[PDB]
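To start, the structure under review is shown below, and the notes come after it.
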Amino acid sequence: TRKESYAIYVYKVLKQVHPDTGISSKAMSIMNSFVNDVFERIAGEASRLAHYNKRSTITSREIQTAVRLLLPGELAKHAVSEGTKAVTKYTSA
Amino acid sequence: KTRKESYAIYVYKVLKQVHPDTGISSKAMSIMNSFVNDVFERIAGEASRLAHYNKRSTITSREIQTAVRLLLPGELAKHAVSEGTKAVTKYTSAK
Amino acid sequence: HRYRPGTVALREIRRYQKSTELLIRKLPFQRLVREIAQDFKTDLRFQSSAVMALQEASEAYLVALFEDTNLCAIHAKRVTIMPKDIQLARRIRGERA
Amino acid sequence: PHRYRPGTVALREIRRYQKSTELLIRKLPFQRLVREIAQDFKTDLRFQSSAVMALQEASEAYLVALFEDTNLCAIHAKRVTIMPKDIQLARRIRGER
Amino acid sequence: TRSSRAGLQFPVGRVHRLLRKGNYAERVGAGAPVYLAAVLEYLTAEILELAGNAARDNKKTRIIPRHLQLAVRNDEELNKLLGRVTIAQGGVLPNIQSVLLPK
Amino acid sequence: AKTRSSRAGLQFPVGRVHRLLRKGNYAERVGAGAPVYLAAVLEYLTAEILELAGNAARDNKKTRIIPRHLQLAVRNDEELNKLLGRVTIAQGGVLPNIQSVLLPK
Amino acid sequence: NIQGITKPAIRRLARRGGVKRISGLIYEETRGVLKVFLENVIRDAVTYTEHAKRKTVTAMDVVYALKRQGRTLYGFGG
Amino acid sequence: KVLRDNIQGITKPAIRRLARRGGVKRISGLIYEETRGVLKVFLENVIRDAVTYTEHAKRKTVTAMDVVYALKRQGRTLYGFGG
DNA sequence: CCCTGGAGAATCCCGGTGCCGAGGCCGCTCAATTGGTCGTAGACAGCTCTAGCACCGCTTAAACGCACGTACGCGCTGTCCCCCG
DNA sequence: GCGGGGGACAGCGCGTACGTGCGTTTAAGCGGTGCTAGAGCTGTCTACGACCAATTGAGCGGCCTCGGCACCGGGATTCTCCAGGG
Ligand SMILES: [Cl-]
Ligand SMILES: [Cl-]
Numbered sequence: 001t002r003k004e005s006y007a008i009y010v011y012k013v014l015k016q017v018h019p020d021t022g023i024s025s026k027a028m029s030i031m032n033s034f035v036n037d038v039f040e041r042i043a044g045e046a047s048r049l050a051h052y053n054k055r056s057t058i059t060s061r062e063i064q065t066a067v068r069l070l071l072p073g074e075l076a077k078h079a080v081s082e083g084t085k086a087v088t089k090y091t092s093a
Numbered sequence: 094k095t096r097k098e099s100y101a102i103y104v105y106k107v108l109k110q111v112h113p114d115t116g117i118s119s120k121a122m123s124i125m126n127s128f129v130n131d132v133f134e135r136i137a138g139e140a141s142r143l144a145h146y147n148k149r150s151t152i153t154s155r156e157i158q159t160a161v162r163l164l165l166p167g168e169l170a171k172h173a174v175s176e177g178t179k180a181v182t183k184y185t186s187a188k
Numbered sequence: 189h190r191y192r193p194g195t196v197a198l199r200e201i202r203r204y205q206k207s208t209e210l211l212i213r214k215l216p217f218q219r220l221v222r223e224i225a226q227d228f229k230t231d232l233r234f235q236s237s238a239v240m241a242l243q244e245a246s247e248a249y250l251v252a253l254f255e256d257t258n259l260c261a262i263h264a265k266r267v268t269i270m271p272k273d274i275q276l277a278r279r280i281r282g283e284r285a
Numbered sequence: 286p287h288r289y290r291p292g293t294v295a296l297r298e299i300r301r302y303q304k305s306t307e308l309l310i311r312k313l314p315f316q317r318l319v320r321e322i323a324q325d326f327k328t329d330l331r332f333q334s335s336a337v338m339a340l341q342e343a344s345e346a347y348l349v350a351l352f353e354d355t356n357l358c359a360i361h362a363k364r365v366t367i368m369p370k371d372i373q374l375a376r377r378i379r380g381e382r
Numbered sequence: 383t384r385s386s387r388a389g390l391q392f393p394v395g396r397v398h399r400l401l402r403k404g405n406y407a408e409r410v411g412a413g414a415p416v417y418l419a420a421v422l423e424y425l426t427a428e429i430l431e432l433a434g435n436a437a438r439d440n441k442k443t444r445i446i447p448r449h450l451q452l453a454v455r456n457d458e459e460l461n462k463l464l465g466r467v468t469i470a471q472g473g474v475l476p477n478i479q480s481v482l483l484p485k
Numbered sequence: 486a487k488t489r490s491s492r493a494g495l496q497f498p499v500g501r502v503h504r505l506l507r508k509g510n511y512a513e514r515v516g517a518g519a520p521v522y523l524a525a526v527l528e529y530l531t532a533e534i535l536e537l538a539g540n541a542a543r544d545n546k547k548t549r550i551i552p553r554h555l556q557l558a559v560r561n562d563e564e565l566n567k568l569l570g571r572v573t574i575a576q577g578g579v580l581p582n583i584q585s586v587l588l589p590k
Numbered sequence: 591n592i593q594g595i596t597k598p599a600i601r602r603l604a605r606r607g608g609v610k611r612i613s614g615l616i617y618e619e620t621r622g623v624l625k626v627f628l629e630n631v632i633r634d635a636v637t638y639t640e641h642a643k644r645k646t647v648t649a650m651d652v653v654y655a656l657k658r659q660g661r662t663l664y665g666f667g668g
Numbered sequence: 669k670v671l672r673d674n675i676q677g678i679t680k681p682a683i684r685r686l687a688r689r690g691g692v693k694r695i696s697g698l699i700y701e702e703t704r705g706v707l708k709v710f711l712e713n714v715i716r717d718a719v720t721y722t723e724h725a726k727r728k729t730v731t732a733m734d735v736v737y738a739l740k741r742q743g744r745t746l747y748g749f750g751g
């Protein structure tokens, strides 16, 4: 049956970043875990923020501030910029 | 003047059920209310993952139950499952 | 007369573990709180309960910390706590690196 | 003949095991252990061979993390040899029971 | 009600509302607000039990935060549960390390 | 372009991140920028990590990123290391670090 | 300001802490420690206020922060 | 067939090997039993939980996932096995 | 000068008192309950097909057990000063 | 701030436990074969939950009085540190 995975997107980005470089089955697996972990961590903390503010909906404002709690500085800052960029990009297009 | 809820009155009633000739301070009352909400989240939360983990959409008394067994220490869990299974059966009696 | 060095210490321990009142006077603490927050955002107000909450959380934490600090002192056949203990305590807690 | 001085092979072995990633507990013993403990919780359980392997991965990580912090406790006490009491201080401080 | 119908003191209604609204799952069973309200009721009893005791022991008719703390930290099983909780105005248990004591 | 990923100029599947946020009971309703944002932040990080892993792979003269390479990556970066300060990587191993007092004089 | 955390106050906390004898360098060490603590908690707190669009940090922002950090506190609206 | 004393599978050279990756040079003899003590409290914790998931999933087989969920629960998240 | 037995501080224990938050009732309202429809999540019985367990023997790497001595755990001392009163 | 006591810390030396090596011994790991239990995928029917509306009191804020207890000025008890004796 279908087992979904971020295996393609991780490949894509790896090729973008280290084009003469492959990933092992285990390594992929690990990567695949990391995405899922950070997904929940983010998604969850966003969910708390909606709730805490009697709010029925998770908008990227939530996902943003979620990010500012979860990540350490340089990581957070870049990620925020990176994120609000693709949103802007997304609206217009 | 907003109508903020709590568990205060029920905490009290249960206090009477165990220590009829004893009272409580507001400061300790907050702690009892905090305690209740914290425990409610932790159990509810666990239950929530349980459902997901098992590709199922409903949080039943069973989910709650096993949640309790992950959340609680050996003995405290034990009694909890009791009172849990009890009040449920007693509930499904009446209608 | 004179009480032998360390004997009021033991007496004070007894007195404070018996009480639940806060040990840093509110206003210095309060001023420390406002200072630190200003560095994150300007023109801010605090609920008096918001300051108490912080105070409780902080003291409780520091006491816990001395507890564990004190064990390290003791682990080193010592009786005086020293910064090197705190560093080990926190290190193992995984607070500090 | 020839004889490496005490502590010389220890340092070597550290460096050996810090370069690699392969599991240190033997595979079969490990499993027997896990099957025991699990039996004594509920009889008639089977395991995905990967599920054992998970628990082991998780087990060694912990113990190596543990020894790390044990080691610090030995050193805290102007000692170089780790002792049950060291482990014991790490676990109290980690807030394990 | 339903607190009645399950012999509970704890609002079986309130609880069913909170589970549905607090985003734990799509749908929510009938037994669970009852099972949980009960477990909540059970545990608040154990605390109120041992704190009250403690207020007797400390010779007071009214429970203050300390009595909760004492009840909690002295109970091996409760203390675990609230292993990561600081209780406002709890203080600490009295405990003085041996080697610190006079000779 | 059709793919919402392309509209956002992203490698990550914004449709997937969208389904997940709903089949996940985080809230009644989900905005439309939230998947996008999140799908991107996911990307920043997989990139940020893969970058340092590849470098780790390189020094170890290797074509292929194996978990040691992720581990070396993670615990060498102050910040990534803290994000994953409570996490274990299967086959990671540990960082070579030997305490002073254990070294011969 | 920070030095507003007085030596005697730090002494009391260590007494309730179970500590008998205190080195001089501790006091300052305590201060950095306490500072780091508040910072992290207040950083998270404020972030909640910033997200609640308020100029007044509440108790609940604090409380939410302490939860985030695994230092849960009871008695301010759990 | 009955299973008994298996903790002594955790031989002394292994409890050694781990300590080395752990940066320990000199090991006191009373360490090896304390480690087994600890490893046991450790495995009893993860498996109590792993199992509770297995029981809830109404299964006779414990999966890599039940393990991983347990670890996550105990704040010892593990990558490499699903999740 | 060290060791023993003595002395006086410091804090429980009490009786009067006193004040403000407990714990109680007043009454309004909004969250709960009731009666009811609709459809779907998941129970359950059927079926197949993975991988988990079992069992064996050829091979040998690892583990065990003992011998030896080296260098570290720790117990003692002795000084100087950093904390407690 | 003052004054002096005891705890930190450094030096040394004793006693021994733990690292090392070798020969002996045990069982892990290998891959190879065989068996069925149980997971996972499947297919039908229906019970149980969500959802809507209309009625009803449980629960909250606002209210006042009252008593558990936080306060105090007097006396009762258990530790400790000084001085006396060898
Ligand atoms: Cl149910
Ligand atoms: Cl949005």
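As they're listed, the protein sequences go chains A, B, C, D, E, F, G and H. Okay, so the first sequence: first residue is 1 according to this note's numbering, each after it adds one. Okay, so the second sequence: first residue is 94 according to this note's numbering, each after it adds one. Okay, so the third sequence: first residue is 189 according to this note's numbering, each after it adds one. Okay, so the fourth sequence: first residue is 286 according to this note's numbering, each after it adds one. Okay, so the fifth sequence: first residue is 383 according to this note's numbering, each after it adds one. Okay, so the sixth sequence: first residue is 486 according to this note's numbering, each after it adds one. Okay, so the seventh sequence: first residue is 591 according to this note's numbering, each after it adds one. Okay, so the eighth sequence: first residue is 669 according to this note's numbering, each after it adds one. Using N, Cα and C, we set each Cβ at its ideal position, and we do this for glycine too.
Any chance the stretch 511–528 of chain F sits against the stretch 74–83 of chain A, with 3 or more Cβ pairs inside 8 Å? Yes, the stretch 511–528 of chain F is in contact with the stretch 74–83 of chain A.
Would H/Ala-732 and H/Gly-750 qualify as a contact pair, given that the criterion is a beta-carbon distance under 8 Å? A Cβ-Cβ contact shorter than 8 Å links H/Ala-732 with H/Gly-750.
Among B/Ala-101, B/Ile-102, B/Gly-116, which residue has its Cα nearest to the Cα of E/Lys-441? Out of B/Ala-101, B/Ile-102, B/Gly-116, B/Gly-116 has the C-alpha closest to the C-alpha of E/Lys-441.
For the 8 Å Cβ check, are there 3 or more pairs between the stretch 60–70 of chain A and the stretch 529–538 of chain F? Between the stretch 60–70 of chain A and the stretch 529–538 of chain F there are fewer than three C-beta pairs closer than 8 Å, too few to call the two in contact.
B/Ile-117 by DSSP, collapsed to three states: which one? In the three-state scheme derived from DSSP, where H, G and I count as helix and E and B as strand, B/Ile-117 is classed as strand.
Comparing C-alpha positions only, which one of H/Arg-716, H/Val-730, H/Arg-694 sits nearest to B/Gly-167? Comparing Cα positions, the closest option is H/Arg-716.
Counting only Cβ pairs nearer than 9 Å, list the residues of chain D close to C/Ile-280. Near C/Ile-280 (Cβ distances below 9 Å), the residues of chain D are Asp-354, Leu-357, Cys-358, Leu-374, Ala-375, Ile-378, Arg-379.
Under 8 Å: do the stretch 673–693 of chain H and the stretch 256–272 of chain C share three or more Cβ pairs, one atom per stretch? A contact between stretches requires three or more CB pairs, one per stretch, nearer than 8 Å, and the stretch 673–693 of chain H fails this requirement with the stretch 256–272 of chain C.
From what residue to what residue does the beta strand (DSSP E) around G/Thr-662 run? 662–664 is the extent of the beta strand (DSSP E) around G/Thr-662.
Determine whether the Cβ of G/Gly-665 lies closer than 8 Å to any Cβ atom of chain B. Cβ-Cβ to chain B under 8 Å: yes for G/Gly-665.
Please work out which residues of its chain come closer than 7 Å, Cβ to Cβ, to H/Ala-738, disregarding the five sequence neighbours upstream and downstream, and give them in chain order. If we look at H/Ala-738 and ignore the five residues flanking it on each side, its Cβ neighbours are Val-714, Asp-717, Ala-718, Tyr-721.
Label H/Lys-693 either buried or exposed according to how many other C-beta atoms from any shown protein chain fall within 10 Å of its C-beta, with 16 as the threshold for buried. By the 10 Å Cβ count, H/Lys-693 comes out buried.
How would you label H/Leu-698, buried or exposed, when you count the other beta carbons within 10 angstroms and need 16 or more for buried? It is exposed - the Cβ of H/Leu-698 has fewer than 16 other Cβ atoms within 10 Å.
Three or more C-beta pairs below 8 Å linking the stretch 469–480 of chain E and the stretch 445–459 of chain E: Touching, yes.
Compare the beta carbon distance of A/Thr-84 and A/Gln-64 with 8 Å and say whether it is the shorter of the two. Yes; because the gap between Cβ atoms is below 8 Å, this pair is in contact.
To test your reading of the DSSP string, which unbroken alpha helix (DSSP H) runs of 4 or more residues are found completely within the stretch 286–343 of chain D? Runs found: 293–304, 312–324.
Just list the alpha helix (DSSP H) runs in the stretch 2–50 of chain A, keeping only unbroken ones of 4 residues or longer that don't cross its boundaries, in chain order. 7–17, all fully within the stretch 2–50 of chain A.
Spell out the partners DSSP gives E/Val-467 in its beta bridges. G/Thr-662.
I want to know whether the stretch 220–229 of chain C touches the stretch 249–262 of chain C - three or more CB-CB distances under 8 Å. These segments do not touch.
Ligand 2 and F/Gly-518: does any heavy atom of the ligand fall closer than 7 Å to the residue's C-beta? For ligand 2, at least one heavy atom lies less than 7 Å from the Cβ of F/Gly-518.
Quick check on the DSSP output: the alpha helix (DSSP H) that includes D/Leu-374 runs from which residue to which? Run containing D/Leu-374: 369–379, per the alpha helix (DSSP H) assignment.
Please classify D/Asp-329 as buried or exposed, where buried requires at least 16 neighbouring CB atoms within 10 angstroms. D/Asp-329 comes out exposed.
Relative to the alpha-carbon of F/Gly-570, which residue among D/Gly-380, D/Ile-299, D/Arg-300, D/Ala-346 has its alpha-carbon at the smallest distance? The option with the nearest alpha carbon to F/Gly-570 is D/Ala-346.
Whole angstroms is fine: what's the gap from D/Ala-343's alpha carbon to B/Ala-180's? Taking the straight line from one Cα to the other gives about 39 Å.
The stretch 557–589 of chain F: which residues have C-beta closer than 8 Å to a C-beta of chain H, in chain order? Answer set for the stretch 557–589 of chain F: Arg-571, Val-572, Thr-573, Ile-574, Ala-575, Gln-576, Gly-578, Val-579, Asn-582, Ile-583, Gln-584, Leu-587.
Straight-line CA distance for G/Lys-645 to B/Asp-131? A direct Cα-Cα distance of roughly 27 Å separates G/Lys-645 from B/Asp-131.
Helix, strand or coil at A/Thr-88 according to DSSP, with G and I counted as helix: Correct three-state label for A/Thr-88: helix.
Could you have a look at F/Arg-543 and say whether DSSP puts it in helix, strand or coil? The answer is helix: DSSP assigns F/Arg-543 an H, G or I state.
If the cut is a Cβ gap below 9 Å, which residues of chain G does A/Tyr-52 touch? What A/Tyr-52 touches in chain G: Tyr-638, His-641, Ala-642, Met-650, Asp-651, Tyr-654.
Quick one: using the 10 Å Cβ neighbour count with 16 as the cut-off for buried, is E/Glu-459 buried or exposed? With fewer than 16 other Cβ atoms within 10 Å, it is exposed.
Any heavy atom of ligand 1 closer than 7 Å to the CB of B/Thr-159? No, the Cβ of B/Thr-159 stays beyond 7 Å of every heavy atom of ligand 1.
Do F/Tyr-522 and E/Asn-405 come within 8 Å of each other at the CB atom, strictly closer than that value? No, these two residues do not count as a Cβ contact at 8 Å.
I'd like the span of the alpha helix (DSSP H) that includes H/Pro-681, first residue to last. For H/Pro-681, the enclosing alpha helix (DSSP H) covers residues 680–689.
Which residue wins for smallest C-alpha separation from C/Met-240, given the options C/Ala-197, C/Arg-213, C/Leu-276, C/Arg-199? From the listed residues C/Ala-197, C/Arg-213, C/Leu-276, C/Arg-199, the smallest Cα separation to C/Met-240 is found for C/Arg-213.
Please determine if the stretch 119–133 of chain B and the stretch 97–107 of chain B are in contact, where contact requires at least 3 C-beta pairs separated by less than 8 Å. By the Cβ test, the stretch 119–133 of chain B is in contact with the stretch 97–107 of chain B, since at least three Cβ pairs between them sit closer than 8 Å.
Does chain A have any CB closer than 8 Å to the CB of G/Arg-658? Closer than 8 Å to the CB of G/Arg-658 there is at least one CB belonging to chain A.
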